[PDB]
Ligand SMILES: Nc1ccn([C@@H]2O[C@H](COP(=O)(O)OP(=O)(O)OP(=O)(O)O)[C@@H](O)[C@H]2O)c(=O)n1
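Okay, here we've got a single chain as structure tokens, the form solved without the ligand, with questions on binding and movement later.
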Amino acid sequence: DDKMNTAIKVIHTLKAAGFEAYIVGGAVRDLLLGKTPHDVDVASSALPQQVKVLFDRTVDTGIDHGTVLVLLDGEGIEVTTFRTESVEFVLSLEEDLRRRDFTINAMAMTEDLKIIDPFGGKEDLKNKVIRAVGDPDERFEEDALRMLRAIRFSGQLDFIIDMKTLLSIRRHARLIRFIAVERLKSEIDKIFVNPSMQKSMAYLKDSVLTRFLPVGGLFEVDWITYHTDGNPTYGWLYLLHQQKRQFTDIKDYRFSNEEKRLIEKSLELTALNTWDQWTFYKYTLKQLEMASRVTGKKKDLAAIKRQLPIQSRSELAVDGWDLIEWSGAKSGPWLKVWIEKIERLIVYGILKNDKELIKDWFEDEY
């Protein structure tokens, strides 16, 4: 929101102390597209320690990369010294811009809203073109993840990829093997929740990226019936469900245990023929919803789960030690078997969730 004013204030402070400073990258892009930026980056001739002299409150984590986060007027503005990439501090803005990924991200704006656009980002932004800065072969040898980022931008912005750039990706797709799988997963996640994602996936295959990406051919499913729920995990589940595959097949992308669980449990639900009270009790609403979404069902899952006699084990009126008293048997694995017998009868609404009456039933059944 208020980031632009703050960034301009930061720029003003930098220049008052004799440095050059400009808004660079995505903020210029977003502003020229009529969008209000989410992140606003400032490029400056100041070196990092010179930035910290000029502002009372800075965060120093990216300092080795030349980035200082300035904390001002409620916002955080990144201030980065002119640099290329292992970081080299250059002395001019254009040396920094020359090496950025795409023309629409290679622009700068001055304090008085003048645009510096040495590589035609203005025209590429108008024609909706993602084009590498300068020689695309270099840009992609410099950071192979840019090949995948080109695809992510195409969907995020509803742009096409410049043909010369796209052919360069095809020639260099093999280089993607060197990229940490965390950065690939992060870009794929953005694609999975971003607009025109079918064209993004078509670019992923046409670019030859699916030939070299980890288990990359698994991305080559039919994506027409896919509609994001805003959660990238649904793209991974859609992909597995389509091919009738399991989570192990994508474990290379290093999912968190939480994501892995949501996927695995959702897949189990898709394979479960009939859902009953016990299904709605044991599975989370997010798993029920994700599974029903991928199979095309549209029931009110929340209402069915709320109407169960109980919601989880902590409400059960009986625990293993109650059974130990009534049974006169020592504690053992048998308790979980019998607690679940009782739990089922309560969830199906046959047995009342009541210690006394569970005891009556248990003394009868044991």
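Start at 1 and count along the sequence shown; that's the residue number.
Separately, the form deposited with the ligand bound exists; it is not shown, and the next lines address it.
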Picking from 149, 241, 293, 172, the single residue whose non-hydrogen atoms come within 4.5 angstroms of the ligand in the bound PDB entry is 149
Please pick, from 162, 264, 137, 143, the one residue with any non-hydrogen atom lying within 4.5 angstroms of the ligand in the bound PDB entry.
143
Should residue 286 be counted as a contact of the ligand in the bound PDB entry, where contact means heavy atoms within 4.5 Å?
no
Quick one: is residue 124 in contact with the ligand in the bound PDB entry, heavy atoms, 4.5 Å cut-off?
no
Does the ligand get within 4.5 angstroms of any non-hydrogen atom of residue 309 in the bound PDB entry?
no
Looking at the partner-bound form in the bound PDB entry, is residue 211 within 4.5 Å of the ligand by any heavy atom?
no
Quick check for you: of 62 to 70, 329 to 337, 312 to 320, 24 to 32, which stretch puts a non-hydrogen atom within 4.5 Å of the ligand in the bound PDB entry?
24 to 32
Quick one: in the bound PDB entry, does every one of 185, 228 and 254 get a heavy atom within 4.5 Å of the ligand?
no
Could you pull out the residues of 155 to 194 that have any heavy atom within 4.5 Å of the ligand in the bound PDB entry?
156, 183, 190
